[PDB]
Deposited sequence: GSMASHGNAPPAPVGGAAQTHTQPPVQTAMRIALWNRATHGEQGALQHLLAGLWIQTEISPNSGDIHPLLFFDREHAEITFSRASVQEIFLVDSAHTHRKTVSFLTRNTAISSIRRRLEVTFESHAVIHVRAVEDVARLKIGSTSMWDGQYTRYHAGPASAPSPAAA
């Protein structure tokens, strides 16, 4: 059997699988490292409702203006800390309690512009 906290994630996961309980987001809270060089990183700061985007020299935060769960997908509308003009849409699709797939789309000024992103790809939550 796995460690305690690990089971809690699976327990929490089960409540979101068919349970469709309020929070699937609770599984996102923490550090996520991209799969497939230097790995892009996502940290979902639950306390401050932020999402920090990192890749070496690249580091930046977007405050969550909204967040909605549907089935197995959390859809974020985030906004840059410095400039309100620059925002970012996220499509976090869970595969497992510690495995997701992210799609990101920038939104400068007010029209969303959506080619492939450096943040697009599979992520796995960090565990020691």
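Comparing the deposited sequence with the modelled residues shows gaps at 1 to 22, 59 to 64, 157 to 167, with numbering starting at 1.
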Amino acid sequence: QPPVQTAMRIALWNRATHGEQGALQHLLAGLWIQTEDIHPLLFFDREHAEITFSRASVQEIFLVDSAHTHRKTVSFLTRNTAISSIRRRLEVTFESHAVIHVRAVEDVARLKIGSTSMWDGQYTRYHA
From here on, numbers count along this sequence of modelled residues.
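Higher mean CA temperature factor, per the PDB entry, when comparing 107 to 115 with 13 to 21: 13 to 21. Of the two segments examined, 72 to 80 and 57 to 65, it is 72 to 80 that shows the higher average Cα temperature factor in the deposited entry. The PDB entry assigns residue 89 a C-alpha temperature factor belonging to the lowest third of its chain's modelled residues. Annotation for residue 48: C-alpha temperature factor in the lowest third relative to the rest of the modelled chain, per the entry.
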